[PDB]
Structure formats: C-alpha cells, structure tokens
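Working notes, beginning with the structure itself.
In this analysis, Cβ positions are derived from the backbone assuming ideal geometry, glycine residues included, and neighbour counts consider all displayed protein chains. What follows is calculated from the coordinates using simple rules that are stated; it is not laboratory data.
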Amino acid sequence: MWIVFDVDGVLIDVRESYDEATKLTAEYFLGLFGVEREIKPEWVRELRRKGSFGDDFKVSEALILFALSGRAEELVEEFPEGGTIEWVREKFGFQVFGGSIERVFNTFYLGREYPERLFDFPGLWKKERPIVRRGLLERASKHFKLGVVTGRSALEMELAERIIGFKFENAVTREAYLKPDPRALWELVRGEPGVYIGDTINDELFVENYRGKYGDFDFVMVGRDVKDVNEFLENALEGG
Ligand SMILES: [Cl-]
Ligand SMILES: [Cl-]
Ligand SMILES: [Cl-]
Ligand SMILES: [Cl-]
Ligand SMILES: [Cl-]
Ligand SMILES: [Cl-]
Ligand SMILES: [Cl-]
Ligand SMILES: [Mg+2]
Ligand SMILES: [Mg+2]
Ligand SMILES: [Mg+2]
C-alpha cells in the first residue's frame, strides 16, 4: 500500500519561513524608496490566500506597490479573490524590473544555498522544523511504498530531505505536476491503492479529483482526521 505525503504542514513545519521571506523582500524594496513602515503579517497571509498569485515573488511585488501607496490595508481588502499580479500592475502602472524581486527573495529564503545571492544571509529555510520523526519513515519504508507530491522544486525537496533526515526516492515536484491535478498522484501510484496525507483543502480536492478520474484512494487531513503524521504512521504500522 502507498503512503503519500504532502511536505509543508505535514512532514515539515514551515514556521512561517516563506511568510518572513515575503516580508523581508518587500521591506528591502520599500527601504530603497525610504519607506520604513513594516509589512504586517496578515497582509502576506491574506493576499496569498485570496489571490491566485503565481509565486511569493509576485506576492512580494504586490505588497511593495500596495505599501508604497500608503493604503496596503485597504488594498488587501479591495484585491479580488482569484486576482493575480496583473491587477496590481494595471492599477499602478509599474511592475518588477526583470528578476529584481526574485533575486532578493531567494537571497533571504535560500541564503548561502543560492549561488546568485545578492549578499550573504543565513537562509530562512533553516528556520523550518521537522514534524515527522525519521524513525517512523524508516520503520514504514519496510512495509509500505512511500512517496511525496509537493509544490516544492527538486532543489527545495533536497532541502526538505535535510530538514527531515530522510530521502524520498518517489517524489513528484512542481517541475512535473501541480496539485490539485490528479495526474501528480497517478504519476506515483499508477492505480495501486494507498492514502495521501495533506494539511489543506487543496490536498483534499487533489484526492477528490483522483477519485473522479482514476479510482479509489484515501485522504487524511492532519489536525482534523488525525493529530499529525506521526500518529498516522504509528496507527498504520500498528494496525494497517
Ligand atoms: Cl507549516
Ligand atoms: Cl501572479
Ligand atoms: Cl501602507
Ligand atoms: Cl501582468
Ligand atoms: Cl547558513
Ligand atoms: Cl520510531
Ligand atoms: Cl504543496
Ligand atoms: Mg501543505
Ligand atoms: Mg507553525
Ligand atoms: Mg487524538
């Protein structure tokens, strides 16, 4: 039987590492324009939640422009559900210049892991913490096929393996497929039975889509259906 995991919020607590990278990146560009007002944490969360931004480089861009305008709070509220960076760019008439934001974001998130760093910085990725106990993955790998489907890139997945202390040979990353596309799960399991362990509704939808297209597969949501992935793995080992 397959046990397939999400990474963020299931195996790894990304202790708001991405959120602080978004904040620091925006505040870096704000500082260039002599704006010292801080980016509020709820703005990052809410804008990402309601938006359909392509990535946190785009979320950072939106926050920079909004905070430059002095009405970020109002603009977060006004921004349409399902909006993208285009709404912001059309509104203010300005956009990011080349990879300016991406280079700064990656400097803050990756630090020395980023070969094109703009300055030396201790990567925010290292504030992420394992939720899963490696001993359980080791124990489970003897009796179940293990895999991951993650929005992480291959490089970010190597980082996750460092944080966890376990290597995943069967992994789907964003180079290949993106949840909630059910082909991501088919890629791994090819119709064999199993379960996917997620932390969000998008994970639930992913598996609903798989059931719609391919066939049966279970879904468990950490913090609703089970306390965490470790209790899940212990129940699986102790009783099927
Ligand atoms: Cl998390
Ligand atoms: Cl976007
Ligand atoms: Cl503001
Ligand atoms: Cl655009
Ligand atoms: Cl470092
Ligand atoms: Cl153990
Ligand atoms: Cl994900
Ligand atoms: Mg997740
Ligand atoms: Mg947390
Ligand atoms: Mg309980």
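What list do you get for 29, 94 if you sort them by fewest beta carbons within 10 Å? If you can, show how the numbers build up before the last one.
Values: 29 20, 94 12.
Fewest-to-most Cβ neighbours within 10 Å comes out as 94, 29.
For the chain, what is the calculated [θ] at 222 nm in deg cm²/dmol (nearest 500), taking -39500 (n - 2.57) for each run of four or more DSSP H residues and dividing by its residue count? If you can, show how the numbers build up before the last one.
Values: 11 runs with 115 residues, N = 240.
Counting only the DSSP helices, I get -14500 deg cm²/dmol.
Please give the length that would be gained between residue 92 and residue 183 if that part of the chain were fully extended, namely 0.36 nm times their separation in residues minus their C-alpha to C-alpha distance (nm, one decimal).
Working: separation 91, 0.36 × 91 = 32.76 nm, distance 3.84 nm.
Additional length available on full extension: 28.9 nm.
For 23, 142, 91, what's the fewest-to-most ordering of other Cβ within 10 Å of each Cβ?
Details: 23 21, 142 7, 91 14.
Least to most surrounded, the residues fall as 142, 91, 23.
Taking a ≥ b ≥ c as the square roots of the eigenvalues of the Cα gyration tensor of the stretch 15-128, is the shape rounded (a/c under 1.5), prolate (a/b larger than b/c) or oblate? Intermediate values should be presented prior to the final figure.
On the way: a/c = 1.71, a/b = 1.52, b/c = 1.13.
It comes out prolate by the Cα gyration axes.
Let me know the shape class of the stretch 143-193, please: from the alpha-carbon gyration tensor, a ≥ b ≥ c as square roots of the eigenvalues, rounded when a/c is under 1.5, otherwise prolate if a/b is greater than b/c, or oblate. Don't jump to the answer; show the numbers that get you there.
Values: a/c = 2.90, a/b = 1.25, b/c = 2.33.
Here the stretch 143-193 falls in the oblate category.
Given H placed 1.01 Å from N in the peptide plane, which residues other than close sequence neighbours of residue 5 have an amide H under 5 Å from its amide H?
147, 148, 149, 197
Along the Cα→Cβ direction, 7 angstrom out, place labels at residue 234 and residue 33. What is the inter-label distance in nm?
Taking the simple label geometry, residue 234 and residue 33 are separated by 5.1 nm.
Order of 129, 152, 139 from fewest to most other C-beta atoms within 10 Å? Can you show the working numbers first?
Values: 129 12, 152 22, 139 15.
The order, fewest Cβ neighbours first, is 129, 139, 152.
What's the local net charge at residue 51, with K and R +1, D and E -1, over the other residues with C-beta under 15 Å away?
-4
Output ³J(HN,Hα) for the stretch 37-48: one whole-Hz value per residue in order, computed from phi by the Karplus curve 6.51 cos²θ - 1.76 cosθ + 1.60 with θ = phi - 60°, and x for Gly and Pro.
4, 7, 6, 6, x, 4, 5, 4, 4, 5, 5, 5
Rounded if a/c is under 1.5, else prolate if a/b beats b/c, else oblate: with a ≥ b ≥ c from the C-alpha gyration tensor eigenvalues square-rooted, which is the stretch 166-209? Working shown, then result.
Numbers: a/c = 1.34, a/b = 1.26, b/c = 1.06.
Since a/c stays below 1.5, the shape of the stretch 166-209 is classed as rounded.
Hey, with R₀ at 41 Å, roughly what FRET efficiency would residue 77 and residue 142 work out to, going by the Cβ-Cβ distance, to 0.05?
Numbers: r = 52 Å, r/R0 = 1.26.
Efficiency, from the Cβ-Cβ distance: 0.20.
Where the only charges are on Cβ atoms (+1 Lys, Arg; -1 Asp, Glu), what is the dipole of the stretch 15-128 about its Cα centre, to the nearest 20 debye?
Numbers: 17 positive and 23 negative charges, 41 e Å.
That gives the stretch 15-128 a dipole magnitude of about 200 debye.
Return the FRET efficiency for the residue pair residue 40, residue 112: r is the Cβ-Cβ distance, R0 is 30 Å, and the value is rounded to the nearest 0.05.
Details: r = 29 Å, r/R0 = 0.96.
Computed FRET efficiency for residue 40 and residue 112 comes out at 0.55.
May I ask for the net charge around residue 158, where only other residues with Cβ less than 12 Å from the Cβ of residue 158 are counted and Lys, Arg are +1 while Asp, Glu are -1? Present the calculation step by step, with values, prior to reporting the outcome.
Working: positive: 152, 162, 167; negative: 113, 156, 161.
Overall, the nearby charge balance is 0.
Apply the Karplus curve 6.51 cos²θ - 1.76 cosθ + 1.60, θ = phi - 60°, to the phi angles in the stretch 17-27 and return the couplings in whole Hz, x for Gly and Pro.
Ordered by residue, 3J(HN,Hα) equals 4, 5, 4, 6, 5, 5, 4, 4, 4, 4, 6 Hz.
Is there a pair in 142/213; 142/167; 145/213; 126/179; 50/213; 40/127 whose C-alpha atoms are over 18 Å apart, and which pairs would that be? Mind dumping the intermediate values first?
Working: 142/213 30 Å; 142/167 14 Å; 145/213 22 Å; 126/179 25 Å; 50/213 27 Å; 40/127 20 Å.
The answer is 142/213; 145/213; 126/179; 50/213; 40/127.
Return, ordered by residue number, the residues of the stretch 85-113 whose backbone nitrogen is under 13 Å from a label point located 7 Å along Cα→Cβ of residue 153.
Residues 102-111, 113 fall inside that zone.
May I ask which residue of 106, 31, 75 lies farthest towards the positive end of the charge dipole of the stretch 15-128, with charges of +1 (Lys, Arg) and -1 (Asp, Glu) on Cβ and the Cα centre as origin?
106
For a quick check: with amide H placed at 1.01 Å from N, whose amide H comes under 5 Å from residue 194's, ignoring anything fewer than 5 positions away on the same chain?
2, 218
Place a +1 charge on the Cβ of each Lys and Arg in the chain and a -1 charge on the Cβ of each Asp and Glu, then give the dipole magnitude about the Cα centre in debye, rounded to the nearest 20. It would help to have the intermediate numbers written out before the result.
Working: 34 positive and 46 negative charges, 97 e Å.
Using only the charged Cβ atoms, the result is roughly 460 debye.
Between the helical axis of 201-213 and the dominant principal axis of the chain, each derived from Cα atoms, what acute angle in degrees is found, rounded to the nearest 10?
Orientation of helix 201-213: about 50 degrees from the principal axis.
For the stretch 133-212 and the stretch 96-118, what is the separation of their Cα centres, given in Å?
Each part reduced to its Cα centre gives a spacing of 27 Å.
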